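Peer 1: my complex, part one, positions kept as in the full thing:
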Amino acid sequence: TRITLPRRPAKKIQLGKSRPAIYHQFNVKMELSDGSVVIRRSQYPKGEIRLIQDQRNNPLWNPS
Amino acid sequence: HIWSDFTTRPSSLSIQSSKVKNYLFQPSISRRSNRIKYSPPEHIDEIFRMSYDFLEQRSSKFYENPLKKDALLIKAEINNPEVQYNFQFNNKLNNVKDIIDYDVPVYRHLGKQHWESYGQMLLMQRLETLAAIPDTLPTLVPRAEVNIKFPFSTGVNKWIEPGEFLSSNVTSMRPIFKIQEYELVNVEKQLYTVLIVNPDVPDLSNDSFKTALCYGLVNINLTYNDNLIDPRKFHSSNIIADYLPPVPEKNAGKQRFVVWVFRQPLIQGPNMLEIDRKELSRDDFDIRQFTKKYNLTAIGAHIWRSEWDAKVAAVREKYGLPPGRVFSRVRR
Amino acid sequence: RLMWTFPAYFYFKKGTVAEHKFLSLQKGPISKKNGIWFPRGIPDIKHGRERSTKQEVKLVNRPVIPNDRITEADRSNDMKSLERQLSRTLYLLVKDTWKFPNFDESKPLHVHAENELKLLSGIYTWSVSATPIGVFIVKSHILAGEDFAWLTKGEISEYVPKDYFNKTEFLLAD
Amino acid sequence: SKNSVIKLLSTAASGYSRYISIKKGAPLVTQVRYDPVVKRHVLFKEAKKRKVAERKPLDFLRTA
Amino acid sequence: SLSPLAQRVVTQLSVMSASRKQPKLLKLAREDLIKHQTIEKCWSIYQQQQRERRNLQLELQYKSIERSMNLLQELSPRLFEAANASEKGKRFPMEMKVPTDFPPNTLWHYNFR
Amino acid sequence: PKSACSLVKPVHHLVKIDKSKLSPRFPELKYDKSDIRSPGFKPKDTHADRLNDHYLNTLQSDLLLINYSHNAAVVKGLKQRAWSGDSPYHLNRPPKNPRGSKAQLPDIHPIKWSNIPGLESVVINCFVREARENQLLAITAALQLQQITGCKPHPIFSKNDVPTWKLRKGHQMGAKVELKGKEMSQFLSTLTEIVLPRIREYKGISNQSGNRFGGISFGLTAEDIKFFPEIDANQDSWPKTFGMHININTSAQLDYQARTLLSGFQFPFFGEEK
Amino acid sequence: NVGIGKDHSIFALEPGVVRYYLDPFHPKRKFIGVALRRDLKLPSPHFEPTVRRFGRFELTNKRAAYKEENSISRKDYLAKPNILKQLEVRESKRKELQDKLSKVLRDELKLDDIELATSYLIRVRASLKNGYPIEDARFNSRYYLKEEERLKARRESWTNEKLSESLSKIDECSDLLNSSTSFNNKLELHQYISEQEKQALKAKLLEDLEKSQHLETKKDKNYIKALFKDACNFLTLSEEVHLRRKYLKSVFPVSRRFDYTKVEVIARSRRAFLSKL
């Protein structure tokens, strides 16, 4: 009943030849509720994302 | 722009190859195809220039007693790319004056660092494992490298790795030392001594061993760049015990030959010392006692070890020694 | 240069319209063919990328245009304005030499200070703490909207005596 | 019951054998050891044939 | 061989793995390498300087605070006591946002409450 | 093997000896992990960490100010107690475990310029429990984690056995990722600007959630994970999502300080009274 | 001087006296050891030299000694004949070299003792082949000979005057060789060249190269080759190699290649490999 992916013989990573994980990322533009844009490095392929529900419109983060 | 100037600053602080310098300032990989293939990282130029400017400024700021001054100089220089290039990518052993001056403090410092990184450690290990130190001379604190060579016999060129086995052929004639000093010491007034001792020759009376002094130089003058102790330099007045080769008796273990280097005690000119060349017993010899007598401070050491072989008889004959004893194969 | 390949096969499907569109933007790497000279090394391509070199990837619905980071510059005048140097820490300063809002014993000190300044406008501040600094000075942070003057840490040096600046230099951050 | 004996013959044909015990499932054993006739190490191989608890050949070449 | 779900899972796994995705490690000419090293060193030095600056500033501030406390206790004891009152439950404004990359539509608020 | 008897022979020098350097075996390993020559190289300061900048400029000074008590010296916590020497049996006796607890506790140092509270590290552990049955779930969880963060997670295996729940040792279940430096800052920003706000009924972190030596923790349900950018952009791709715990380690000596620090970064602690 | 067996049984490695001790280096451990002689204490001073036993006796009985001398490892025995053969081969080679040197000398017309000179030359050559500056190498070679002479004198109780004379002669020979002859790039012997002269020659060669960097014929190529043919005598090996690389470029500036523009097929001026190759 245990559903698994039965492993292959893994690859031997020699000592000294281990290369660190540098995942492919993009410099994404994040637009908040208001006009404030903020840059973040993200792994998903998209240049721009505007947001509807954010901290800037939520009453908990701002009593104005 | 202090690193561009070369009035007071020695000429060694620059890269002597012009092309390389040019490349650095705005390559070396010889083959054309390979060069074509090569692709350097972007924006290296401007950023590099900025870095250079920063470091140059720092150096200038730094620029202004002797040891302190030397230290300051070293601090000022180290980050110079040119100096780094010179040190890293040119040979430190058989040094070439203009590329790397050990007169220059920065280079000296770098050399010391390099030594600390590996060779020194190796030497220490060899001393400890083979029981060179506690057996002959209580301890040492590295200070200066000491590389030996046996050029005359055979004729080949090789720096001996510490704790090697040398054939009787190889160690038939005397060795050459290169005592690479660091640590801002005086050069005119400072003299050195060098002793090749072997502590494990069979004492039949006690049943233990006794230590023989197989080669002894005293009152040697050294220089930071010029430090090869060849028969050119020392003269026959400086030899206290002239070279005797390793001639291990059959089944007398592996005899450890451990070359010690000491610096003289310092009081106007070069201070010498007599050492009653005749009186000093070389066949059985107390190193510690000797040191105590003349107040030496062992700076550096090196070591090799010899075993019996077919060749040793011939060597003995050449040197005009006895035929050599033979011992039972059992450690009874 | 060192990044991994972009694994398009996961994000985009192998028969989708979006995927197709994405593909259309991208240009592939020059593959290898037996019989040709490649003088820049042979193309070591794996998973749709030349390993040799760096690899890049082109890309209400609306293009996100950022707001300008220089309104103060545009103004070129308003030293009594908050929307001035946006990416710099500002400090309130008042005229009489001229200096920080001095105000001259039943109440706690910070609270008293807060009260005093609250009256001059009608603004909304927050005291960081009751603990004072320096000669007794309080710190506080603004959140709402003789001279009402706002300045950066460098600008203040020109607008104030040297000794005074020295006394309170380490307070004014960058 | 579990552990059977087997005879390992020198691959150099000096006829110097050596014996060891193994499990019944055990893989086809070989071991290099000293042969006093030839006076050097040599491979020793199973003389008598015996059935082996078959293991699947692990796949390094990412199949299917 | 495998179910569609299994395939999907495998794909997901791959997305994380370095299998076939990682490029060849960058080599450098000796001179280039040296340059890089120098740059790195410079950067490090700069960082250290910055740290010192900030640290120094902090120290100065602390000293100032201490001085103030000393003065205050001497002068108005009650006031000093009040100042001391431990801020065990203090909590930052919340309206006092974190600096963004680019500024908002309304570059500041005037009216409140 | 004859000996079985560990006994290091003492040396006759003060030279340290880093054996690895005398061996030529792993020539790539000889360089640092940040030296360009090493295959283990990766760039560190790719861009500027905005959150860290904020902390440095604005927050650090504030923290220093607020925490400052007047002449507060160390209230060194409970330690191992030495034995009173009123009897000969005490002589070579091990000390008494701390009056309060079994474990020994650290000293609380006063908050000066040298040791202001700061963010040390953020650990996320997603122990998908349904992975006892299906092992692909674990993989999916790990992928999700990776997507969220941008740095390789590590598998979480079931360390214990228990019959009541279907749990057996040696079973991959969930993923754990250690976030540090700029990456961690980025993650925190994402949490604060986007996720925590968007979550429907969130009243903020609980004030009782203090580790007590300046560590804070909180959960996220399986629903809230959808609100992350890397998942929200493709809901088609993520059918199952897995809840997670988030632990935040700080340079704070005490929990209250840590929570104050966190508040500076826009963390609502309206969950309770301390 | 104590071992430890599989049971943790402690046993003596040497004859001596048993002692039980506490070692400062190892607190909370009890030690059993063997002091080599009774009088001395066993947690022995850390820096004082370690008292070893040696404890082998020497084979006075002559036959026994002889036997001992004869006997060697098996490996040595196995690989001794081969080694001997190799040595013989080397010797033969050396002899050949010496002969060649002698011939060269004869050709030159220099005075010579001759055997000694040849030996010296060979030594110098060997030194050169190994990493040595040439003058230094020569000096070393000279010194070896001198040392040998000294040894001989010591052996045979010579009249020091004779020894001195011999040394002088050797020196003279060296001078003659040093001034008259010099090895080259490829380690063959020829007539001597000074440093300045060598430099001048190099300069001339460079000039020639500059002049004739067209190579538009087979004849031209041949000429170039001829010119190159005397370069060993006044040039370092590396430099020579570099020069060769520069100016005997197998091809000069019908195939196909790739370019930054778009494939590019090239026919070539077909007189770029006919005269080149």
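Peer 2: Perfect, I can see it now. Residues are numbered from 1 along each chain as shown, chains lettered A, B, ... in the order given.

Peer 1: close to chain B: what parts of the stretch 151-277 of chain G are there?
Peer 2: Within the stretch 151-277 of chain G, the positions near chain B by Cβ under 8 Å from any Cβ of the partner chain are G:151, G:154, G:155. C-betas here are computed from N, CA, C, even on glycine.

Peer 1: nearest to residue G:197 among these?
Peer 2: Of all those, the one with the least separation from residue G:197 (Cβ to Cβ) is residue G:151, at 38.4 Å.

Peer 1: quick check: which helices or strands does the strand or helix carrying the closest one pack against?
Peer 2: Assigned by DSSP states H and E, residue G:151 belongs to helix G:134-156. Applying 3 or more Cβ pairs under 8 Å, 6 or more residues apart in numbering or on different chains; DSSP states H and E, one finds that helix G:134-156 contacts helix B:312-319, helix G:114-129, helix G:160-180.

Peer 1: at 6 Å instead, please
Peer 2: helix G:114-129, helix G:160-180 (3 or more Cβ pairs under 6 Å, 6 or more residues apart in numbering or on different chains; DSSP states H and E).

Peer 1: so which of those helices is nearest residue E:74?
Peer 2: helix G:114-129 (86.9 Å).

Peer 1: and residue C:142, bridged to which residues?
Peer 2: Residue C:142 has these beta-bridge partners by DSSP bridges: residue C:125.

Peer 1: and it, how far from residue C:111?
Peer 2: Distance, residue C:142 to residue C:111, by Cβ to Cβ, to the nearest Å: 17 Å.

Peer 1: how about the nearest residue to residue B:36, chain neighbours excluded?
Peer 2: In space, residue B:36 comes closest to residue C:39 once its chain neighbours are excluded; the distance is 5.5 Å by Cβ to Cβ, 6 or more residues apart in numbering or on different chains.

Peer 1: tell me the most buried of the helices and strands packed on helix G:134-156?
Peer 2: helix G:114-129 (a mean of 19; mean count of other Cβ atoms under 10 Å in any protein chain shown).

Peer 1: can you show me the CA trace of it as CSV?
Peer 2: Provided in CSV are the C-alpha atoms of helix G:114-129 (Å, rounded to 0.1, in the frame of the first residue of the first chain):
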residue,chain,number,x,y,z
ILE,G,114,91.6,14.2,-22.3
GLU,G,115,89.5,11.5,-20.5
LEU,G,116,89.1,13.8,-17.5
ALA,G,117,88.0,16.7,-19.7
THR,G,118,85.4,14.4,-21.4
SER,G,119,84.1,13.3,-18.0
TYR,G,120,83.8,17.0,-16.9
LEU,G,121,81.9,17.8,-20.1
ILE,G,122,79.5,14.9,-19.6
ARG,G,123,78.9,16.1,-16.1
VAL,G,124,78.2,19.6,-17.3
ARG,G,125,75.8,18.3,-19.9
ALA,G,126,74.0,16.2,-17.3
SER,G,127,73.7,19.3,-15.0
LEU,G,128,72.3,21.3,-17.9
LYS,G,129,69.7,18.6,-18.7
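
Peer 1: throw RNA strand H on there as well:
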RNA sequence: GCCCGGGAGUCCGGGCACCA
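Peer 2: This next block brings in RNA strand H, placed alongside the chains you saw above:
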């Protein structure tokens, strides 16, 4: 250990040696 009966493998029941 070997031989049967119910290509390989497992699971069961018969014999045939070994039985000093």
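
Peer 1: ok RNA strand H is loaded, check what packs on helix G:134-156 again?
Peer 2: helix G:114-129, helix G:160-180.

Peer 1: got the angle for that helix vs helix G:160-180?
Peer 2: 160 degrees (axes from the mean of the first three to the mean of the last three Cα atoms, to 10 degrees).

Peer 1: figure out how far helix G:134-156 is from the centre of its chain.
Peer 2: The gap between where helix G:134-156 is centred and where its chain is centred comes out at 17 Å by Cα atoms, centre = their mean, to the nearest Å.

Peer 1: which positions in it come out as buried?
Peer 2: Buried positions in helix G:134-156, judged by neighbour count with 16 or more other Cβ atoms under 10 Å in any protein chain shown: G:137-149, G:151, G:153.

Peer 1: can you tell if stretch D:40-51 touches chain G?
Peer 2: No - on the criterion Cβ under 6 Å from any Cβ of the partner chain, stretch D:40-51 is out of touch with chain G, staying 10.7 Å away.

Peer 1: sorry, back to before: include distance to residue F:11 when you put the helices and strands packed on helix G:134-156 into a markdown table, please.
Peer 2: As requested, those are arranged in a markdown table below (distance: least, Cβ to Cβ, whole Å):
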| stretch | distance to residue F:11 |
| --- | --- |
| helix G:114-129 | 41 |
| helix G:160-180 | 49 |
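
Peer 1: which of these sits closest to chain F?
Peer 2: Counting by Cβ to the nearest Cβ, chain F lies closest to helix G:114-129 out of these; the figure is 27.0 Å.

Peer 1: kindly calculate the angle that the closest one makes with helix G:134-156.
Peer 2: 130 degrees.

Peer 1: and helix G:114-129, does that touch chain B?
Peer 2: Yes - Helix G:114-129 is in contact with chain B by Cβ under 6 Å from any Cβ, via G:123, G:126, G:127.

Peer 1: for residue B:188, state which of those residues is nearest.
Peer 2: Minimum distance to residue B:188 across those is 32.6 Å, recorded for residue G:127 (Cβ to Cβ).

Peer 1: can you name the residues that contact the closest one?
Peer 2: Residues in contact with residue G:127 (Cβ atoms under 6 Å, 6 or more residues apart in numbering or on different chains) are B:155, G:137, G:140, G:141.

Peer 1: would you mind measuring from the second one to residue B:94?
Peer 2: As judged by Cβ to Cβ, residue G:137 and residue B:94 stand 13 Å apart.

Peer 1: add RNA strand I to the structure above:
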RNA sequence: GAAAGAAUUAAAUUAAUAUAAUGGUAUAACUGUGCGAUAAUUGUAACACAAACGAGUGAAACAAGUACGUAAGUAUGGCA
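Peer 2: Alright, RNA strand I goes in next:
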């Protein structure tokens, strides 16, 4: 005055040890990893412990080959 490194001190201990109980064990025998599947090899084994004998136990050294180790060395199956 800070950062980093090297550490050092304290606690070490009932976790772990293929397997009972005991004695040991962080200087790790306990755990992780590289190489290696080689000392879970071949002739002589002195001398001890133990011991009625038959047996058992530790084992230096000599010789032949092998593995790992920069080297020192270590390995004649398993912490006992």
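
Peer 1: let's see what packs on helix G:134-156 again after adding RNA strand I.
Peer 2: helix G:114-129, helix G:160-180.

Peer 1: need the CA coordinates for it. PDB is fine.
Peer 2: Presented in PDB, the C-alpha positions along helix G:134-156 are these (Å, rounded to 0.1, in the frame of the first residue of the first chain):
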ATOM      1  CA  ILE G 134      74.900  26.800 -16.900                       C
ATOM      2  CA  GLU G 135      77.800  28.500 -15.100                       C
ATOM      3  CA  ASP G 136      76.600  27.100 -11.700                       C
ATOM      4  CA  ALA G 137      76.200  23.600 -13.200                       C
ATOM      5  CA  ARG G 138      79.800  23.800 -14.500                       C
ATOM      6  CA  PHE G 139      81.100  24.900 -11.100                       C
ATOM      7  CA  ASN G 140      79.200  22.000  -9.500                       C
ATOM      8  CA  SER G 141      80.800  19.600 -12.000                       C
ATOM      9  CA  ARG G 142      84.200  21.000 -11.300                       C
ATOM     10  CA  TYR G 143      83.600  20.700  -7.500                       C
ATOM     11  CA  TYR G 144      82.600  17.000  -7.800                       C
ATOM     12  CA  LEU G 145      85.900  16.200  -9.600                       C
ATOM     13  CA  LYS G 146      87.800  18.200  -7.000                       C
ATOM     14  CA  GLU G 147      86.000  16.300  -4.200                       C
ATOM     15  CA  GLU G 148      86.900  13.000  -5.800                       C
ATOM     16  CA  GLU G 149      90.500  14.000  -6.100                       C
ATOM     17  CA  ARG G 150      90.600  15.000  -2.500                       C
ATOM     18  CA  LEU G 151      89.100  11.600  -1.500                       C
ATOM     19  CA  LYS G 152      91.700   9.800  -3.600                       C
ATOM     20  CA  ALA G 153      94.500  11.800  -1.900                       C
ATOM     21  CA  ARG G 154      93.100  10.900   1.500                       C
ATOM     22  CA  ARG G 155      92.900   7.300   0.600                       C
ATOM     23  CA  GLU G 156      96.500   7.000  -0.700                       C
END
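
Peer 1: so that helix versus helix B:312-319, what angle?
Peer 2: Angle of helix G:134-156 versus helix B:312-319, following the same axes, to 10 degrees, is 80 degrees.

Peer 1: contacts for helix G:134-156?
Peer 2: So helix G:134-156 is contacted by B:151-152, B:173, B:231, B:318, B:320, G:120, G:123-124, G:127-128, G:163, G:166, G:170, G:174 (Cβ under 6 Å, 6+ apart).
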